[PDB]
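Participant: What follows is the file structure_22.pdb, containing PDB, C-alpha atoms and all ligand atoms:
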ATOM      1  CA  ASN A 701       0.000   0.000   0.000
ATOM      2  CA  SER A 702       0.857   3.684  -0.440
ATOM      3  CA  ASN A 703       2.293   5.480   2.655
ATOM      4  CA  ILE A 704       0.263   8.687   2.118
ATOM      5  CA  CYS A 705      -3.538   9.373   2.085
ATOM      6  CA  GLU A 706      -4.890   9.279  -1.433
ATOM      7  CA  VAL A 707      -7.107  12.349  -0.763
ATOM      8  CA  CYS A 708      -4.918  14.902   1.199
ATOM      9  CA  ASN A 709      -1.473  13.391   0.358
ATOM     10  CA  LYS A 710      -0.250  13.405   3.990
ATOM     11  CA  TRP A 711       0.927  10.550   6.184
ATOM     12  CA  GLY A 712      -0.663   9.679   9.448
ATOM     13  CA  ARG A 713      -3.123   7.031  10.769
ATOM     14  CA  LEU A 714      -3.866   5.322   7.395
ATOM     15  CA  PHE A 715      -6.340   2.521   6.541
ATOM     16  CA  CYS A 716      -5.186   0.441   3.632
ATOM     17  CA  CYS A 717      -7.388  -0.921   0.854
ATOM     18  CA  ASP A 718      -7.308  -4.722   0.498
ATOM     19  CA  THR A 719      -7.907  -4.758  -3.222
ATOM     20  CA  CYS A 720      -5.748  -1.916  -4.341
ATOM     21  CA  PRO A 721      -2.627  -0.067  -3.071
ATOM     22  CA  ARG A 722      -4.409   3.097  -1.977
ATOM     23  CA  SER A 723      -4.556   4.295   1.580
ATOM     24  CA  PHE A 724      -6.802   6.756   3.555
ATOM     25  CA  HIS A 725      -7.277   8.780   6.573
ATOM     26  CA  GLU A 726     -10.456   7.670   8.297
ATOM     27  CA  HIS A 727     -12.443  10.877   7.497
ATOM     28  CA  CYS A 728     -10.746  11.508   4.148
ATOM     29  CA  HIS A 729     -12.414   8.411   2.686
ATOM     30  CA  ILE A 730     -16.028   8.857   1.828
ATOM     31  CA  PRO A 731     -17.915   7.193   3.324
ATOM     32  CA  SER A 732     -15.638   7.322   6.552
ATOM     33  CA  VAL A 733     -13.542   4.109   6.690
ATOM     34  CA  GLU A 734     -15.783   1.346   8.039
ATOM     35  CA  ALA A 735     -15.046   0.107  11.675
ATOM     36  CA  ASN A 736     -14.528  -3.574  10.937
ATOM     37  CA  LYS A 737     -14.829  -5.330   7.492
ATOM     38  CA  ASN A 738     -11.849  -7.567   6.615
ATOM     39  CA  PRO A 739     -11.102  -7.468   3.769
ATOM     40  CA  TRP A 740     -11.974  -3.766   3.182
ATOM     41  CA  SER A 741     -12.311  -2.328  -0.271
ATOM     42  CA  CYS A 742     -11.994   1.524  -0.893
ATOM     43  CA  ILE A 743     -14.508   3.552  -2.894
ATOM     44  CA  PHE A 744     -12.261   3.428  -5.948
ATOM     45  CA  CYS A 745     -12.453  -0.339  -5.870
ATOM     46  CA  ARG A 746     -16.244  -0.337  -5.279
ATOM     47  CA  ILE A 747     -16.767   1.958  -8.260
ATOM     48  CA  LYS A 748     -14.614  -0.207 -10.542
ATOM     49  CA  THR A 749     -16.705  -3.264  -9.489
ATOM     50  CA  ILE A 750     -19.997  -1.562 -10.548
ATOM     51  CA  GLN A 751     -18.492  -0.932 -13.933
ATOM     52  CA  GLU A 752     -17.160  -4.517 -14.236
ATOM     53  CA  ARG A 753     -20.518  -6.015 -13.257
ATOM     54  CA  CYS A 754     -22.344  -3.881 -15.896
ATOM     55  CA  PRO A 755     -19.989  -2.950 -18.737
ATOM     56  CA  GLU A 756     -22.845  -1.155 -20.553
ATOM     57  CA  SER A 757     -23.001   1.324 -17.653
ATOM     58  CA  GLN A 758     -20.110   3.073 -19.468
ATOM     59  CA  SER A 759     -22.105   3.859 -22.581
ATOM     60  CA  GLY A 760     -22.982   7.578 -22.940
ATOM     61  CA  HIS A 761     -25.853   9.095 -20.936
ATOM     62  CA  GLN A 762     -27.736  12.330 -21.074
ATOM     63  CA  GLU A 763     -27.158  14.656 -18.042
ATOM     64  CA  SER A 764     -30.869  15.221 -17.714
ATOM     65  CA  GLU A 765     -31.548  11.528 -17.247
ATOM     66  CA  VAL A 766     -28.691  11.141 -14.756
ATOM     67  CA  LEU A 767     -29.934  14.061 -12.627
ATOM     68  CA  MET A 768     -33.395  12.509 -12.300
ATOM     69  CA  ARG A 769     -32.149   9.239 -10.975
ATOM     70  CA  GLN A 770     -33.190   8.308  -7.522
ATOM     71  CA  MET A 771     -30.463   7.948  -4.904
ATOM     72  CA  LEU A 772     -30.393   4.150  -4.767
ATOM     73  CA  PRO A 773     -27.171   2.562  -3.374
ATOM     74  CA  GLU A 774     -25.182   2.716  -6.622
ATOM     75  CA  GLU A 775     -26.020   6.399  -7.220
ATOM     76  CA  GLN A 776     -25.277   7.194  -3.542
ATOM     77  CA  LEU A 777     -21.872   5.658  -4.033
ATOM     78  CA  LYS A 778     -21.184   7.480  -7.278
ATOM     79  CA  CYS A 779     -21.996  10.850  -5.588
ATOM     80  CA  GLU A 780     -19.784   9.985  -2.636
ATOM     81  CA  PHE A 781     -16.959   9.201  -5.064
ATOM     82  CA  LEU A 782     -17.515  12.430  -7.012
ATOM     83  CA  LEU A 783     -17.409  14.412  -3.749
ATOM     84  CA  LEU A 784     -14.201  12.598  -2.828
ATOM     85  CA  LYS A 785     -12.629  13.456  -6.202
ATOM     86  CA  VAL A 786     -13.198  17.174  -5.425
ATOM     87  CA  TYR A 787     -11.519  16.838  -1.956
ATOM     88  CA  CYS A 788      -8.620  15.183  -3.774
ATOM     89  CA  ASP A 789      -7.678  18.616  -5.190
ATOM     90  CA  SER A 790      -5.835  20.756  -2.740
ATOM     91  CA  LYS A 791      -7.850  23.836  -3.840
ATOM     92  CA  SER A 792     -10.877  22.224  -2.191
ATOM     93  CA  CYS A 793      -9.721  23.737   1.016
ATOM     94  CA  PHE A 794     -11.264  27.029   0.094
ATOM     95  CA  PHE A 795     -14.700  25.389  -0.249
ATOM     96  CA  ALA A 796     -14.584  22.823   2.608
ATOM     97  CA  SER A 797     -15.780  24.694   5.622
ATOM     98  CA  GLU A 798     -18.552  27.178   6.303
ATOM     99  CA  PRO A 799     -17.840  30.534   4.564
ATOM    100  CA  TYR A 800     -18.507  34.060   5.708
ATOM    101  CA  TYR A 801     -19.010  37.156   3.664
ATOM    102  CA  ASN A 802     -17.801  40.706   4.508
ATOM    103  CA  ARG A 803     -16.283  42.418   1.462
ATOM    104  CA  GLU A 804     -16.846  46.043   0.458
ATOM    105  CA  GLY A 805     -19.110  46.141  -2.606
ATOM    106  CA  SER A 806     -20.460  42.583  -2.343
ATOM    107  CA  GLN A 807     -23.306  40.943  -0.535
ATOM    108  CA  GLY A 808     -23.186  37.270   0.584
ATOM    109  CA  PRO A 809     -25.165  34.587  -1.129
ATOM    110  CA  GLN A 810     -28.748  33.826  -0.179
ATOM    111  CA  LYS A 811     -27.968  30.149   0.207
ATOM    112  CA  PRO A 812     -24.420  29.484   1.403
ATOM    113  CA  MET A 813     -22.996  26.034   0.625
ATOM    114  CA  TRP A 814     -19.801  24.189   1.314
ATOM    115  CA  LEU A 815     -18.218  20.730   0.871
ATOM    116  CA  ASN A 816     -18.527  19.555   4.454
ATOM    117  CA  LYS A 817     -22.236  20.440   4.394
ATOM    118  CA  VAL A 818     -22.672  18.294   1.232
ATOM    119  CA  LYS A 819     -20.696  15.567   2.897
ATOM    120  CA  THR A 820     -23.053  15.576   5.955
ATOM    121  CA  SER A 821     -26.087  15.707   3.667
ATOM    122  CA  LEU A 822     -24.899  12.555   1.851
ATOM    123  CA  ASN A 823     -24.109  10.821   5.081
ATOM    124  CA  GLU A 824     -27.604  11.694   6.447
ATOM    125  CA  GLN A 825     -29.285  10.408   3.169
ATOM    126  CA  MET A 826     -30.842  13.885   2.601
ATOM    127  CA  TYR A 827     -30.721  13.724  -1.177
ATOM    128  CA  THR A 828     -33.486  11.703  -2.894
ATOM    129  CA  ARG A 829     -32.189  12.295  -6.469
ATOM    130  CA  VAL A 830     -28.730  12.859  -8.053
ATOM    131  CA  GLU A 831     -30.021  16.316  -8.984
ATOM    132  CA  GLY A 832     -30.001  17.430  -5.266
ATOM    133  CA  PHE A 833     -26.383  16.628  -4.838
ATOM    134  CA  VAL A 834     -25.300  18.154  -8.134
ATOM    135  CA  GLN A 835     -27.257  21.325  -7.522
ATOM    136  CA  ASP A 836     -25.618  21.871  -4.111
ATOM    137  CA  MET A 837     -22.177  21.158  -5.581
ATOM    138  CA  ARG A 838     -22.635  23.646  -8.451
ATOM    139  CA  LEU A 839     -24.059  26.203  -5.983
ATOM    140  CA  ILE A 840     -20.725  26.230  -4.109
ATOM    141  CA  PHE A 841     -18.941  27.544  -7.191
ATOM    142  CA  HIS A 842     -21.685  29.815  -8.404
ATOM    143  CA  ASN A 843     -21.839  31.568  -4.965
ATOM    144  CA  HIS A 844     -18.067  32.071  -5.090
ATOM    145  CA  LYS A 845     -18.126  33.593  -8.604
ATOM    146  CA  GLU A 846     -20.873  35.973  -7.753
ATOM    147  CA  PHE A 847     -19.391  37.156  -4.401
ATOM    148  CA  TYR A 848     -15.817  37.686  -5.623
ATOM    149  CA  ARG A 849     -16.872  39.634  -8.735
ATOM    150  CA  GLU A 850     -13.777  40.891 -10.443
ATOM    151  CA  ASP A 851     -11.261  39.815  -7.841
ATOM    152  CA  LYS A 852      -8.850  37.321  -9.362
ATOM    153  CA  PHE A 853      -9.765  34.936  -6.474
ATOM    154  CA  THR A 854     -12.869  34.162  -8.533
ATOM    155  CA  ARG A 855     -10.610  31.853 -10.528
ATOM    156  CA  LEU A 856     -10.397  29.349  -7.654
ATOM    157  CA  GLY A 857     -14.144  28.636  -8.166
ATOM    158  CA  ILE A 858     -13.670  28.055 -11.901
ATOM    159  CA  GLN A 859     -10.810  25.742 -11.231
ATOM    160  CA  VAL A 860     -12.488  23.550  -8.664
ATOM    161  CA  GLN A 861     -15.767  23.545 -10.655
ATOM    162  CA  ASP A 862     -13.793  22.205 -13.627
ATOM    163  CA  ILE A 863     -12.564  19.330 -11.455
ATOM    164  CA  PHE A 864     -16.115  18.616 -10.376
ATOM    165  CA  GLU A 865     -17.522  18.725 -13.924
ATOM    166  CA  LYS A 866     -14.821  16.478 -15.489
ATOM    167  CA  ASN A 867     -15.307  13.926 -12.752
ATOM    168  CA  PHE A 868     -19.097  14.152 -13.058
ATOM    169  CA  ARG A 869     -18.865  13.348 -16.767
ATOM    170  CA  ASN A 870     -16.489  10.423 -16.094
ATOM    171  CA  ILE A 871     -18.272   8.830 -13.148
ATOM    172  CA  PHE A 872     -21.782   9.101 -14.566
ATOM    173  CA  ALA A 873     -20.581   8.244 -18.163
ATOM    174  CA  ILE A 874     -22.047  11.404 -19.679
ATOM    175  CA  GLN A 875     -22.139  11.238 -23.547
ATOM    176  CA  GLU A 876     -19.132  12.987 -24.977
ATOM    177  CA  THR A 877     -19.848  16.144 -27.049
ATOM    178  CA  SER A 878     -18.055  19.079 -28.741
TER     179      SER A 878
HETATM  180 ZN    ZN A 901      -6.136  12.342   4.232
HETATM  181 ZN    ZN A 902      -9.054   0.130  -3.337
HETATM  182 ZN    ZN A 903     -25.181  -5.626 -16.931
END
Please go through the file and, once you have read it, give me the structure as C-alpha cells.

Facilitator:
Amino acid sequence: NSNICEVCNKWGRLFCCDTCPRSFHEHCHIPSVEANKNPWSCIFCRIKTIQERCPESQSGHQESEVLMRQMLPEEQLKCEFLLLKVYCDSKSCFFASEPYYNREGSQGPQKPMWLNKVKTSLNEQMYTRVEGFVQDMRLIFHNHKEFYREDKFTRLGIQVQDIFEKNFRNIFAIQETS
C-alpha cells in the first residue's frame, strides 16, 4: 500500500485498501472508513466493481436523465466518489468549511454552501435524487463567482468547478460532445 492518504497526500493514521494499493485517513475516505470489514475495499475499488458487473453502464448518458435518478445505493456511491474526487484537489480547502461574507461592494449569497455540508447531507441520506447533490455542488462555485466579482480569487471557483464537472462526466458516463 501507499504510505500517504490518497485524498490529502499526507501521512498519518492510514487505513489500507485490500484490493488496491491506496490508503486513507479515516475521514478523508467517503464514506468514513468502516469500523470492521476484513477485507476492506476503498470507494475506488467499489466503483470499478460496478463498472465490471455492468460494462454497458459506461455507454454515454444524457445529463438530464442522470440528474433525475433516484439515490439508490449505486447512485449514492457514485456521488460519494464524485465528492471525494473534489476533496482530492488541494484547492478544495477554500470550499470545505462554512464561509462568511464581509467584502466592500459585495453581498453574501442567499444560500451558502460548502463541501462539508454536502458531505453531511450525503451521510444523512438527505438527497433523494442525483439532482439534489449536483445542484448543491454547483451552488458552491456559483456563490463564489458571484461574491468575488472581479477579484482574481474568482478563478479558484472556476478551477475547482472544472474538477467537479470532469469527474461528473467520467463517473456518470455522460455522452461525450463538442
Ligand atoms: Zn487524508
Ligand atoms: Zn481500493
Ligand atoms: Zn449488466

Participant: Can you list what the PyMOL selection byres (((not hetatm)) within 10 of (chain A and resi 901)) grabs from this structure, as a VMD selection string?

Facilitator: chain A and resid 704 to 714 723 to 729 787 to 788

Participant: Apply the PyMOL selection byres (((chain A and resi 792) around 10) and not hetatm) to the displayed file and report the matching residues as a ChimeraX atom specification.

Facilitator: /A:785-791,793-797,814-815,856-857,859-861,863

Participant: Once the PyMOL selection byres (((chain A and resi 749-757) around 12) and not hetatm) has been evaluated on this model, what residues remain selected, and can you format them as a list in words?

Facilitator: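 Evaluating the PyMOL selection byres (((chain A and resi 749-757) around 12) and not hetatm) on these coordinates yields residues 719, 741, 742, 743, 744, 745, 746, 747, 748, 758, 759, 760, 761, 766, 773, 774, 775, 777, 778, 870, 871, 872, 873, 874 and 875 of chain A.
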
Participant: I'd like the box whose edges run along x, y and z of the file and which contains every listed atom of range 860-877 of chain A, padded by 8 Å per side; could you state its centre and edge lengths in Å, one decimal, as lines of an AutoDock Vina configuration file?

Facilitator:
center_x = -17.3
center_y = 15.9
center_z = -17.9
size_x = 25.7
size_y = 31.3
size_z = 34.4

Participant: If you count all atoms listed in the file, which residues fall within 7 Å of residue 847 in chain A, apart from same-chain ones fewer than 3 positions away, as a PyMOL selection string?

Facilitator: chain A and resi 806-808+843-844

Participant: At what distance in Å, to one decimal, does CA of residue 731 in chain A lie from atom ZN of ligand ZN 902 (chain A)?

Facilitator: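 Computing it gives 13.1 Å between the two atoms.
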
Participant: Using only C-alpha atoms, which residues sit within 12 Å of residue 771 in chain A once same-chain residues fewer than 2 positions away are excluded, as an mmCIF file with C-alpha atoms, in the coordinates of the input?

Facilitator:
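Output below, filename around_28.cif:
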data_model
loop_
_atom_site.group_PDB
_atom_site.id
_atom_site.type_symbol
_atom_site.label_atom_id
_atom_site.label_comp_id
_atom_site.auth_asym_id
_atom_site.auth_seq_id
_atom_site.Cartn_x
_atom_site.Cartn_y
_atom_site.Cartn_z
ATOM 1 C CA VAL A 766 -28.691 11.141 -14.756
ATOM 2 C CA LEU A 767 -29.934 14.061 -12.627
ATOM 3 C CA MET A 768 -33.395 12.509 -12.300
ATOM 4 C CA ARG A 769 -32.149 9.239 -10.975
ATOM 5 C CA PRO A 773 -27.171 2.562 -3.374
ATOM 6 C CA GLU A 774 -25.182 2.716 -6.622
ATOM 7 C CA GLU A 775 -26.020 6.399 -7.220
ATOM 8 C CA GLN A 776 -25.277 7.194 -3.542
ATOM 9 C CA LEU A 777 -21.872 5.658 -4.033
ATOM 10 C CA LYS A 778 -21.184 7.480 -7.278
ATOM 11 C CA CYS A 779 -21.996 10.850 -5.588
ATOM 12 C CA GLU A 780 -19.784 9.985 -2.636
ATOM 13 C CA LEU A 822 -24.899 12.555 1.851
ATOM 14 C CA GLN A 825 -29.285 10.408 3.169
ATOM 15 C CA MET A 826 -30.842 13.885 2.601
ATOM 16 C CA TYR A 827 -30.721 13.724 -1.177
ATOM 17 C CA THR A 828 -33.486 11.703 -2.894
ATOM 18 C CA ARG A 829 -32.189 12.295 -6.469
ATOM 19 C CA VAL A 830 -28.730 12.859 -8.053
ATOM 20 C CA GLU A 831 -30.021 16.316 -8.984
ATOM 21 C CA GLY A 832 -30.001 17.430 -5.266
ATOM 22 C CA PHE A 833 -26.383 16.628 -4.838
ATOM 23 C CA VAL A 834 -25.300 18.154 -8.134
#

Participant: When you count all atoms listed in the file, which of these residues is closest to ligand ZN 902 (chain A): A:848, A:800, A:853, A:715?

Facilitator: A:715

Participant: Given the point (-21.8, 21.0, -1.0) in the coordinates of this file, which residues lie within 9 Å, counting all atoms listed in the file, and how would they look as a VMD selection string?

Facilitator: chain A and resid 783 795 to 796 813 to 821 833 to 840

Participant: Ranking A:867, A:855, A:876, A:805 by minimum distance to residue 781 in chain A and counting all atoms listed in the file, which one comes first?

Facilitator: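 Counting all atoms listed in the file, the residue closest to residue 781 in chain A is A:867.
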
Participant: To one decimal in Å, tell me the separation between CA of residue 877 in chain A and CA of residue 858 in chain A.

Facilitator: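 It comes out at 20.2 Å.
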
Participant: For the atom pair CA of residue 809 in chain A and CA of residue 764 in chain A, what is the interatomic distance in Å to one decimal place?

Facilitator: 26.1 Å

Participant: My list of candidates is A:702, A:718, A:845, A:734. Which is closest to ligand ZN 902 (chain A) when distances are computed with only C-alpha atoms and all ligand atoms?

Facilitator: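 For ligand ZN 902 (chain A), the nearest of the given residues is A:718.
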
Participant: Can you complete the atoms of range 787-804 of chain A to N, CA and C atoms and list them as a PDB file, in the coordinates of the input?

Facilitator:
ATOM      1  N   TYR A 787     -12.479  16.725  -3.115  1.00  0.00           N
ATOM      2  CA  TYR A 787     -11.519  16.838  -1.956  1.00  0.00           C
ATOM      3  C   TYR A 787     -10.161  16.427  -2.347  1.00  0.00           C
ATOM      4  N   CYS A 788      -9.954  15.597  -3.318  1.00  0.00           N
ATOM      5  CA  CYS A 788      -8.620  15.183  -3.774  1.00  0.00           C
ATOM      6  C   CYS A 788      -7.804  16.389  -4.275  1.00  0.00           C
ATOM      7  N   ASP A 789      -8.442  17.445  -4.745  1.00  0.00           N
ATOM      8  CA  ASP A 789      -7.678  18.616  -5.190  1.00  0.00           C
ATOM      9  C   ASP A 789      -7.420  19.499  -4.018  1.00  0.00           C
ATOM     10  N   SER A 790      -6.123  19.945  -3.886  1.00  0.00           N
ATOM     11  CA  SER A 790      -5.835  20.756  -2.740  1.00  0.00           C
ATOM     12  C   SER A 790      -6.589  22.126  -2.655  1.00  0.00           C
ATOM     13  N   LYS A 791      -7.102  22.606  -3.806  1.00  0.00           N
ATOM     14  CA  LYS A 791      -7.850  23.836  -3.840  1.00  0.00           C
ATOM     15  C   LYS A 791      -9.245  23.697  -3.211  1.00  0.00           C
ATOM     16  N   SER A 792      -9.692  22.422  -2.956  1.00  0.00           N
ATOM     17  CA  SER A 792     -10.877  22.224  -2.191  1.00  0.00           C
ATOM     18  C   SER A 792     -10.941  22.777  -0.808  1.00  0.00           C
ATOM     19  N   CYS A 793      -9.714  23.113  -0.272  1.00  0.00           N
ATOM     20  CA  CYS A 793      -9.721  23.737   1.016  1.00  0.00           C
ATOM     21  C   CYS A 793     -10.506  24.993   1.173  1.00  0.00           C
ATOM     22  N   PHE A 794     -10.581  25.779   0.068  1.00  0.00           N
ATOM     23  CA  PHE A 794     -11.264  27.029   0.094  1.00  0.00           C
ATOM     24  C   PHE A 794     -12.785  26.908   0.219  1.00  0.00           C
ATOM     25  N   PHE A 795     -13.263  25.669  -0.142  1.00  0.00           N
ATOM     26  CA  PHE A 795     -14.700  25.389  -0.249  1.00  0.00           C
ATOM     27  C   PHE A 795     -15.116  24.367   0.816  1.00  0.00           C
ATOM     28  N   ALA A 796     -14.246  23.872   1.682  1.00  0.00           N
ATOM     29  CA  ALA A 796     -14.584  22.823   2.608  1.00  0.00           C
ATOM     30  C   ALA A 796     -15.437  23.207   3.730  1.00  0.00           C
ATOM     31  N   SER A 797     -15.093  24.313   4.401  1.00  0.00           N
ATOM     32  CA  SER A 797     -15.780  24.694   5.622  1.00  0.00           C
ATOM     33  C   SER A 797     -16.694  25.863   5.456  1.00  0.00           C
ATOM     34  N   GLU A 798     -17.529  26.176   6.446  1.00  0.00           N
ATOM     35  CA  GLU A 798     -18.552  27.178   6.303  1.00  0.00           C
ATOM     36  C   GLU A 798     -17.960  28.550   6.030  1.00  0.00           C
ATOM     37  N   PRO A 799     -18.326  29.199   4.956  1.00  0.00           N
ATOM     38  CA  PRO A 799     -17.840  30.534   4.564  1.00  0.00           C
ATOM     39  C   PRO A 799     -18.522  31.654   5.336  1.00  0.00           C
ATOM     40  N   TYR A 800     -17.870  32.817   5.283  1.00  0.00           N
ATOM     41  CA  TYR A 800     -18.507  34.060   5.708  1.00  0.00           C
ATOM     42  C   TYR A 800     -18.124  35.203   4.773  1.00  0.00           C
ATOM     43  N   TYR A 801     -18.974  36.190   4.728  1.00  0.00           N
ATOM     44  CA  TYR A 801     -19.010  37.156   3.664  1.00  0.00           C
ATOM     45  C   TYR A 801     -19.063  38.599   4.202  1.00  0.00           C
ATOM     46  N   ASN A 802     -17.908  39.246   4.112  1.00  0.00           N
ATOM     47  CA  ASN A 802     -17.801  40.706   4.508  1.00  0.00           C
ATOM     48  C   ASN A 802     -16.726  41.408   3.693  1.00  0.00           C
ATOM     49  N   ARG A 803     -17.144  41.818   2.491  1.00  0.00           N
ATOM     50  CA  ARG A 803     -16.283  42.418   1.462  1.00  0.00           C
ATOM     51  C   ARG A 803     -16.983  43.656   0.985  1.00  0.00           C
ATOM     52  N   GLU A 804     -16.243  44.779   0.941  1.00  0.00           N
ATOM     53  CA  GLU A 804     -16.846  46.043   0.458  1.00  0.00           C
ATOM     54  C   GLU A 804     -17.333  45.842  -0.973  1.00  0.00           C
TER      55      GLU A 804
END
